[PDB]
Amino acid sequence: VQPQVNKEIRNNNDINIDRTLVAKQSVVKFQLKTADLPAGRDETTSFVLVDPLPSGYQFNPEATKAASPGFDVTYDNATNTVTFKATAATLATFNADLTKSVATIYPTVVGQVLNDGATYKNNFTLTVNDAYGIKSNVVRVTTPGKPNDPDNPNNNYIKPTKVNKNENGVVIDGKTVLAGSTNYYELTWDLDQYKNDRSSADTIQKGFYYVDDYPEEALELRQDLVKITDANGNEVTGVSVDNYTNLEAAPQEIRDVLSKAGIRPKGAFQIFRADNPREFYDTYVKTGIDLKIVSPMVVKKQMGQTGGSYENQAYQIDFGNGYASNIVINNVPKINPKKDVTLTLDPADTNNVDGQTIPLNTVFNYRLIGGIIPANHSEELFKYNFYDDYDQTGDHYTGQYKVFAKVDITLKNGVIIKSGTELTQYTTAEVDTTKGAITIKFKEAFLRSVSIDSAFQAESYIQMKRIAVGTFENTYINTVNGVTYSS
């Protein structure tokens, strides 16, 4: 039990990190120190230290040789073990005077920790004059991403999350979203597992970013509504945000970050940047305070013509490492208005006279079927109008009209308006005799009483009198919330 040995583990700035936390890809150093050799010691013929480096610890031959003057460094890549042998020069010093005790020099293993949520344990062995050895104490350090970490109570999985909500805070993931509506996306910068992190300066300078890969074909950003707040409800000011249509069209700096994180957007994307890496680090990262980003995005009007699916996903890049969030999907309903020409004013009757020549002075009806708003939608109905621009040369608006439910409508109070029910009393009409047009509008009140889980569809009949012999056409435009749909 002669020279006691002692291993120490420090980060790239020499801070003792034993039993603490450090970022993935962080440089971790091993100091294999030994106590001063006593007086009466035999000449030291051999001084060997053997370190079986831990799993997932990448050895850096170059740096350790540089950081281990006085020792010949050898490495067994096969067993990931490194060996240090005191040079001839170094030994002479251990023998300069045996009658006295002499302090020693120590080797330093330099390398990086490569895995998330892993524990890296370490000890080394000292053998002197191939006669006796001492196994050293074990030291350790963990990386973020490991729940139930007895050393870092706040540690857990690194996982950003994304969620879609409507204006009233209701979660609308997977639901149908009317064209023109807004997606109030809530992104979470998952920072809690970083609490009490002891990473070095180089590591903290690899920056902090948050990316949102948004469907640029279906949505357009409303970056003016972007809002960033932390877990404590306070506004965040150190984060700037920008967007690019595609990697190539982005600042070389951004391409490099996204590249080293293994993140490759599908086209255009929104990226958030921490302006002062250090300030951000001391304020939110090592304090474990999660950030909340709200990035509203509106569904382009053309989506309502074609219909279709659009999905959203985010990423967060901490200390240069990237992590992806869950994917949120929504689909847009294809609002398809239709008009028919009928002699009856009964929702029941399916007979029409489409394409049939109508006799002079015939009182008929234009059946204006509104677009269908599918069940399980995301926002309330605030506008549902039928607009008809008839040809005054051929048709004279009679002055009468009726409106009917085309599907079973459900109210927020549970009442089910059975399909085919007259609903005229919830509408109003403003006619422009001059130009030859008419507009039937539902009362906003009534529309907002319909449950958002309910399907909705109406149709109206506008009585017309044929004042001239001939074939005339008409434009019927159905308006649903903030978008108009023709035909």
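Numbering starts at 1 and runs along the sequence shown.
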Higher-B stretch (mean Cα B-factor, as the entry records it), 425 to 433 or 455 to 463: 425 to 433
So, looking at the entry's B-factor column for Cα atoms, which has the higher mean, 126 to 134 or 287 to 295? 126 to 134
Among the candidates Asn155, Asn312, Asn246, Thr182, give the one with the maximum CA B-factor reported in the record. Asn246
Highest CA B factor of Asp202, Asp151, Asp212, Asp192, as deposited, is found at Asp202
Entry-reported Cα temperature factor of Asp395, expressed as the chain third it lands in: highest
Quick check for you: using the entry's CA B-factors within this chain, is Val27 in the lowest, middle or highest third? lowest
Temperature factor at the Cα of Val403, chain-ranked in thirds, falls in the middle
Which third of the chain holds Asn478 when residues are ordered by C-alpha B factor: lowest, middle or highest? middle
For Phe319, does the deposited CA B-factor place it in the lowest, middle or highest third of the chain? lowest
